[PDB]
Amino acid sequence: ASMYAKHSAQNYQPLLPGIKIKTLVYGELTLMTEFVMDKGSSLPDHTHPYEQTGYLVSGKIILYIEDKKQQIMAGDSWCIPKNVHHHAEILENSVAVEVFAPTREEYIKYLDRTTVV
């Protein structure tokens, strides 16, 4: 059931305007995605029944979680509990790695199978 995946510049897939996604790996309890986000894009306010914990690999965003707002730079991190409202403004081209728990089955369809193993 273990997985390895290798980095590739290909197959980051459209999710929302300005936001591309790739599911890297997943398991019994978690699922890992990489989000590639264009400067000036945004994530609209949403909720989902998965805890979402992330790390900014590169760039700069403003991450809104309920009534908090924080500027996020490379190496910063966050944890958003299940069903909590969140959104973001993307200030520079940015890359984030985010892990969902429980496994977010709807995101398995973004798995880049050309780079698994």
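Heads up: residue numbers just count along the shown sequence, starting at 1.
33-41 and 64-72 differ in mean CA B-factor, and the higher of the two is recorded for 64-72.
The stretch with the higher mean CA B factor, choosing between 84-92 and 50-58, is 84-92. Taking the deposited Cα B-factors for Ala101, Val25, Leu16, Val97, the highest one is held by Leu16. In this PDB entry, the Cα temperature factor of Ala5 sits in the middle third of its chain's modelled residues. For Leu111, the recorded CA B-factor ranks within the lowest third of the chain. Only modelled residues enter the ranking.
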